[PDB]
Ligand SMILES: CCCC[C@@]1(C2CCCC2)Cc2cc(OCCCCCCC(=O)O)c(Cl)c(Cl)c2C1=O
């Protein structure tokens with residue numbers, strides 16, 4: 001609704017990566033639903049579960065109808081084919097949905113959603129107050145300005161003691177980094193099991209007659225292309241999340257200093273925000289510094305004295 | 001619209017879970033419409049209604065053309081296949097639309113829809129009132145505030161007589177819990193009955209010539225995957241519903257305790273709500289306490305007296 | 001628009017049942033147009049136009065190619081398969097469309113649509129006027145109050161002589177009831193006729209060589225399930241329609257005795273409504289009584305006297 | 001826009017019949033594009049270019065491979081199948097598009113579209129004035145009423161010169177009637193021609209060996225059902241068009257005798273509208289007469305007299 | 001949004017024709033990508049690379065398997081089918097997109113889009129200004145009308161030097177006429193080259209054994225139908241384009257002879273617009289002359305003198 | 001939003017070329033997913049692993065059933081076909097997506113984004129002001145204008161010291177030119193490796209019997225058509241990008257030469273903009289010069305002085 005301003009730049013690359021993951025997931029899924037077949041032929045000469053590889057040339061007769069071929073194709077497709085070759089689109093679709101849910105649960109949780117909406121509402125009211133220009137460069141605007149002043153005071157009293165949003169943003173990025181590490185741990189290890197050629201040895205003699213078969217999975221090359229693209233793209237995602245975790249654990253976003261604003265505004269009476277509002281204003285500062293610049297005048301008591309003097313006279 | 005206030009955190013997890021149940025339901029349904037076939041071959045040697053399992057190898061002939069393979073496939077699909085393997089996506093689709101209808105019958109019933117929409121209008125009027133900023137710490141505003149006071153007084157007089165919302169939410173959550181209990185009661189009993197290869201015996205010798213057949217159901221592994229995922233999802237849904245039922249049966253939702261804000265807001269004359277209105281105030285408090293903070297000053301005769309003094313002056 | 005307040009609860013359950021019906025209708029239609037198959041085999045030994053049921057086992061050779069099988073499938077699909085087994089989704093789609101048209105013809109007809117929209121506009125205007133709170137408990141507001149009194153008197157003179165809305169809303173329900181009766185009286189009679197096993201005898205010897213054929217319709221069980229579900233759902237629809245028709249012939253909706261609100265408010269000089277206005281006022285009372293209760297003031301001559309007195313002083 | 005005022009009730013039934021016509025057209029079209037096959041077999045014993053119909057039973061061997069069957073199906077489909085069976089959905093698609101274009105050409109033509117939009121703007125402003133209440137039963141309202149009076153006078157002097165709206169409505173309804181005559185002229189004549197059993201004699205002996213063939217067309221019954229449904233829809237559409245053409249040819253909508261409303265409103269100074277505005281006022285009367293009731297007071301010389309004396313005092 | 005008033009009547013028929021060209025193009029394209037095959041048979045007796053047409057009837061045996069038939073189908077589809085039968089839908093799709101680009105480049109170009117936006121904004125203020133009625137038949141209204149007077153005066157010298165809009169609207173229509181010319185030269189000369197019977201002699205004897213084949217393209221009739229429909233639609237489009245070209249070369253659109261308003265309105269002093277603004281005046285005159293009628297009072301020095309005297313008094 | 005003000009004519013042609021690139025990419029992609037088959041036949045007589053090309057004729061018998069035909073089709077399609085014939089739609093889709101991301105990174109990056117909406121906000125507010133006409137031709141307008149002088153002075157003091165927008169808009173165009181160089185370098189080099197006829201000698205003798213095969217790729221002509229169309233589209237894209245890069249490198253884009261307008265606007269005290277704001281002023285002047293025309297009056301010292309004496313007197 002009104003959360004568009006509260007997203008830093010690392011949550012835009014995250015959004016586009018997470019939507020292209022979903023589109024390649026549904027592409028692989030509709031491919032595997034569409035065909036994902038296997039073509040298998042029996043080997044006449046066998047030497048310990050291996051095809052022995054033994055006027056004009058003529059064809060080789062196997063004495064099999066089409067439906068025995070279908071049966072052995074299904075059986076060799078299930079039993080002697082790796083599980084990663086079959087359900088990889090479903091795995092990446094599930095992981096994409098878990099990434100999306102982990103990204104948007106912070107917004108959709110009502111306990112922090114209320115605080116976010118309240119903060120962005122008073123931020124828009126602070127930005128739209130015309131008295132900032134007179135404070136930084138008569139009466140009725142005095143009453144709307146004092147309405148802003150005491151409701152900003154009420155908000156500062158209301159949200160200072162909390163510790164919830166910073167903890168949520170800790171846990172979200174922590175589980176995102178851990179899940180990225182697990183995905184890279186298993187995917188590159190199991191990606192080599194997809195291959196065009198596969199040999200099944202099922203021991204179903206009473207239905208066909210032969211024992212070992214030579215199969216051919218035709219979608220293996222395209223699935224390897226999709227898997228390699230997915231791995232490289234989730235490396236990019238993991239580096240982005242690692243950088244934002246390092247930034248948020250390095251800048252010590254619990255508390256906010258406010259020296260660089262008072263040094264230019266020459267308002268010597270300004271306090272420092274303690275926690276859970278300092279981090280939120282750090283986030284809007286990483287959006288831009290000007291929105292935090294115009295939030296300065298609604299906290300100085302000398303600005304309050306100037307406002308009440310202009311109201312009285 | 002503005003009904004997001006009226007939903008706690010346990011009623012958006014329910015919605016998201018219902019969406020993902022509906023997606024897996026429609027995916028299983030379109031798969032079952034798309035193929036859901038099976039491949040059946042006759043066993044040449046039969047022992048106790050089971051297949052006996054008995055220079056170069058050559059294929060086994062059956063002297064059966066393709067169309068009577070199609071016939072025996074259809075017959076052994078319709079007769080000797082367990083019905084849970086066939087209609088599981090339709091079953092879970094039916095269950096998720098029952099869950100959606102139960103979760104939205106609270107809002108779509110007009111006798112409660114009117115009460116909630118008028119309550120939302122009253123609360124947005126109370127929240128948007130500028131006089132609460134003065135109250136928690138000038139004639140037309142006072143008259144508008146007095147109109148607000150009289151309208152919330154008659155609204156309180158109106159909705160205190162009912163008891164419909166609390167009992168509907170009771171009879172909604174309890175049937176959601178019993179639906180969860182029955183779903184888990186039967187689907188884990190029947191989930192073991194889907195499998196890849198199945199032996200069918202349908203007694204058609206006048207048409208094919210053989211008696212018993214060995215079949216293969218190629219979608220069994222993926223349907224078992226989807227069924228296990230659905231069972232785990234139903235478990236998490238049921239734990240959420242049992243938690244909210246325990247909360248509503250423990251907290252004694254009918255009455256309101258309001259002294260906890262009376263003692264700090266210094267308005268020693270506030271009443272205790274009887275039923276069907278204190279429950280909704282508890283629900284808004286479960287969203288956030290601040291909307292209940294701003295509703296404190298609108299029900300106190302000292303506050304109407306202060307407004308009367310201000311209107312006199 | 002805002003016509004949701006103009007539909008009772010027995011026209012919302014109808015609106016959901018009659019879209020579930022369309023959903024199962026389009027599902028059955030796409031299934032029937034997608035598969036549309038039945039598999040047929042010839043019986044070599046025949047008795048009374050039924051199949052006689054007569055080293056290792058070997059297949060039975062009919063010496064037919066695939067295209068003869070296709071031809072006999074088409075012939076036994078049309079000539080010896082019952083029409084209810086084929087066009088049932090189109091029948092239920094037609095019934096659902098006629099039900100929806102009968103439900104919304106009342107709204108879409110302009111001669112009553114004008115009365116309904118101008119009615120709901122004056123009720124919304126009477127709801128939103130601020131003088132109602134003062135009257136149930138400063139001259140410009142009296143001017144709009146006098147204008148609204150005049151237009152309410154104009155409405156009362158305008159709509160008191162008609163009967164078209166009541167006549168249409170009774171005729172729609174009675175033809176819905178008779179439609180429900182027709183649907184149940186043929187569908188449960190013809191629902192037993194679909195089955196998996198069908199025998200066809202079509203007299204084509206000059207083309208294939210055989211006389212009678214044993215067939216198989218694989219969609220029979222799913223179509224029977226859909227038909228039974230449709231019958232139960234139409235039964236629920238008909239019960240709702242019977243209830244509302246009994247309500248209309250019970251409560252005698254032509255006139256409205258308006259005693260309770262006048263006794264509660266002590267405005268003893270109020271008249272009763274003749275017809276075609278009491279109907280919509282009964283409907284909005286079935287929505288909620290407060291819209292009618294706050295409509296009481298704009299008809300009372302003592303309320304007119306108080307309005308002109310407040311205009312005078 | 002808000003053109004629902006400018007549509008009589010017979011243009012809504014038309015606008016829904018044209019939708020269901022489009023629906024059956026697109027359904028028949030997609031079914032025909034999907035299958036529309038026909039299965040052909042050769043007759044071994046032929047007399048006078050017709051199939052003569054001359055221990056256990058055995059099949060009849062033609063010694064033909066599948067791809068020749070496909071060739072003879074294509075040939076007997078393209079030559080000896082009547083064109084009404086093949087192109088009926090495309091014909092009805094073209095027809096319903098011509099109905100939609102003929103319905104909306106009266107709106108999309110700009111020379112009349114400007115008059116309709118400016119007319120409906122004037123009627124909404126005249127309907128939304130509070131001065132007509134006083135006219136039927138303080139200075140700036142008189143001034144804006146005078147401005148609206150001048151606009152009404154300018155509109156009356158402007159549109160009194162034309163005839164184009166009535167001319168176009170003639171030219172639309174008469175060609176709708178002619179198109180009805182043409183459709184019912186040929187379609188009921190040709191509808192018997194589609195049928196299931198179809199014979200062909202295409203003179204291909206050098207490629208197959210046989211001369212005549214017997215064929216089957218498995219969609220013929222469904223196409224006959226769809227054609228009958230389309231015929232009934234055309235009949236209903238044409239009855240509606242005949243009724244509205246007859247009504248508008250007998251009412252003589254060029255001029256309006258305005259006597260019957262001011263004989264009871266007691267505003268005797270009213271003229272009769274000559275052309276192109278009386279027809280539009282009859283159209284909005286067929287919507288409802290109250291809109292022209294509230295437009296009647298804004299044209300009376302005694303009404304400007306009362307307005308300007310109220311401006312004087 | 002409100003760009004519709006700039007479009008003449010011939011630019012709307014052009015738009016709807018371009019829509020129906022697009023839908024027939026996409027229908028032909030989806031049909032061609034769906035099937036577009038042909039069925040080919042070899043003929044045993046050959047004369048001049050054609051087939052010579054030289055106890056019961058028996059079929060002809062060719063000893064070709066299905067995959068050889070598929071190969072010869074592919075070869076005779078690619079090498080001996082005319083290119084117009086294959087790429088006609090994509091060709092007409094390209095032509096439709098070119099026509100749409102030629103009709104919307106006049107809007108999407110910024111140097112003319114800004115001028116059109118300024119023209120439509122100034123004409124809507126001139127339509128909504130209330131001083132026009134008083135001129136053709138209070139101090140702040142006259143002052144803002146003076147502001148609009150000077151804005152119109154500066155716009156007049158802002159647009160009196162250009163020619164870009166007229167140049168672009170000339171060039172677009174003349175290249176559309178050129179494109180119609182090219183379309184009519186090639187498509188009627190090439191439309192005769194599709195038919196049901198096509199011969200191929202492709203010289204693949206080492207793989208099959210036969211030399212010449214006779215094929216059957218089963219979509220030639222429907223493609224001929226679509227091509228004839230497209231040809232007639234193109235002819236109608238071109239007649240519209242020739243009409244607007246003749247209108248542009250005949251009516252001398254560069255300057256406007258504006259007197260037809262001034263002898264009617266007795267405003268004896270008015271100038272003649274020279275170029276690039278009189279063209280826009282013609283363009284809005286083709287919509288309706290009312291907008292040019294109301295623009296006269298915002299361009300006459302006697303009208304600024306009257307407003308100046310009125311603001312003085 | 002209204003951000004079309006920022007895109008010149010070369011930035012709209014680029015977007016339309018990109019979207020038609022995307023539709024031809026997805027068309028080729030869905031076609032390749034849908035069929036992309038290849039039909040292969042063995043060659044009986046072999047010379048250097050190539051086909052030797054050697055009463056009525058009869059077919060050549062290969063003694064191959066359909067399933068090993070499918071196997072050899074898959075093997076020859078995977079091993080002995082160039083990868084550009086198979087992954088061209090995926091490649092061009094990737095290039096289209098990276099072009100779109102490169103084009104929209106200038107908007108989606110927040111550090112420059114915020115500067116863009118702040119700049120466009122002050123530009124629309126300057127265009128919306130009514131005092132520019134008075135400047136280039138009562139007192140609260142003077143106060144509003146003074147406030148907007150303070151706002152534009154704040155904008156000028158803030159955004160002037162940056163360079164990031166100019167740096168990013170250079171870096172985007174340079175990599176678009178680099179991508180053009182790469183695409184034209186490799187695509188036309190590899191475009192000739194798609195062909196109708198392909199020979200595969202894949203050494204599968206113990207499964208089929210033959211050694212060399214002749215194949216036919218039925219999509220090669222359509223893929224070559226699409227490739228040529230894509231190359232021409234890339235060429236147009238690259239000429240547009242090279243032109244705008246040359247304009248950017250040549251026209252000394254960093255600083256504005258504003259003195260050409262102060263002689264006619266008679267405000268000689270206007271300075272030249274240093275950097276990163278003159279880029280935006282060029283980028284709006286490319287749209288239209290009026291927005292820069294009426295931007296002189298809001299920054300000139302004599303303009304604030306004339307407003308000062310207008311407020312004083
Ligand atoms: C085993 C002896 C058969 C003899 C036969 C003759 C043809 C020239 C030599 C003998 C007839 C026939 C029909 C077929 O269609 C069957 C339809 C299956 C396609 C479904 C999916 C798709 O559409 O792909 C197929 Cl596939 C073949 Cl192979 C053959 C032949 O070989």
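We number each residue from 1, going along the chain as drawn.
This entry, so its header tells us, was determined using electron microscopy, 3.7 Å.
Just so you know, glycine gets a Cβ as well, placed from its N, Cα and C.
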Exercise for the section: Identify the transmembrane segment range according to Swiss-Prot, selecting from A:197-221, A:222-246. Expected result: A:222-246
Problem - Stated Swiss-Prot location of transmembrane segment, expressed as one of A:170-191, A:258-279, A:280-301 - result: A:170-191
Exercise for the section: Flag the pair the transmembrane segment (A:9-33) / the transmembrane segment (A:170-191) as in contact if three or more Cβ pairs fall under 8 Å (sequence separation 6 or more). Expected result: no
Completion exercise
Per the Cβ filter (under 8 Å) with a sequence gap of at least 6 from its ends, the transmembrane segment (A:222-246) is approached by 8, 10, 13-14, 17-18, 20-21, 24, 27-28, 31, 85, 88, 92, 173-174, 176-177, 180-181, 183-184, 187-188, 191, 194
Practice task
Write down the Cα-Cα distance for residue A:51 (disulfide bond) and residue A:66 (site 'Required for anion selectivity'), rounded and given in Å.
Solution key: 22
Exercise for the section: Rounded to a whole angstrom, give the Cα distance between residue A:137 and residue A:138, which sit at either end of 58 unmodelled residues. Expected result: 16
Practice task
Whole-number Å only: compute the distance from the Cα of residue A:43 (disulfide bond) to the Cα of residue A:76 (disulfide bond).
Solution key: 14
Fill in the blank from the handout: Counting every protein chain shown, other Cβ atoms within 10 Å of the Cβ of residue A:215 (disulfide bond) number 20
Problem - Local backbone state of residue A:66 (site 'Required for anion selectivity'), from DSSP in three classes - result: helix
Problem - disulfide-bonded residues compared (A:40, A:43, A:51, A:76, A:200) - the one with the fewest other Cβ atoms within 10 Å - result: A:51
Completion exercise
Rounded to a whole number, the Cα-Cα distance in Å between residue A:54 and residue A:55, flanking 23 unmodelled residues, is 17
Handout entry: DSSP residue counts for the topological domain 'Extracellular' (A:192-221), split into helix, strand and coil
Key = 4 helix, 10 strand, 16 coil
Handout entry: Residue numbers, six or more beyond the limits of the topological domain 'Extracellular' (A:192-221), whose CB comes under 8 Å of its CB atoms
Key = 31-32, 35-44, 46, 49-51, 62-64, 68, 71-73, 75-77, 79-82, 84-85, 227
Practice task
Quick one: give me the count of other CB atoms within 10 A of the CB of residue A:52 (N-linked glycosylation site).
Solution key: 11
Exercise for the section: Name the one residue among A:40, A:51, A:52 whose Cα is closest in three-dimensional space to that of residue A:200 (disulfide bond); these are the recorded positions. Expected result: A:40
Problem - Interface-adjacent recorded positions, chosen from A:51, A:66, A:76, A:200, A:215 when a CB lies under 8 A of chain F - result: A:51, A:66
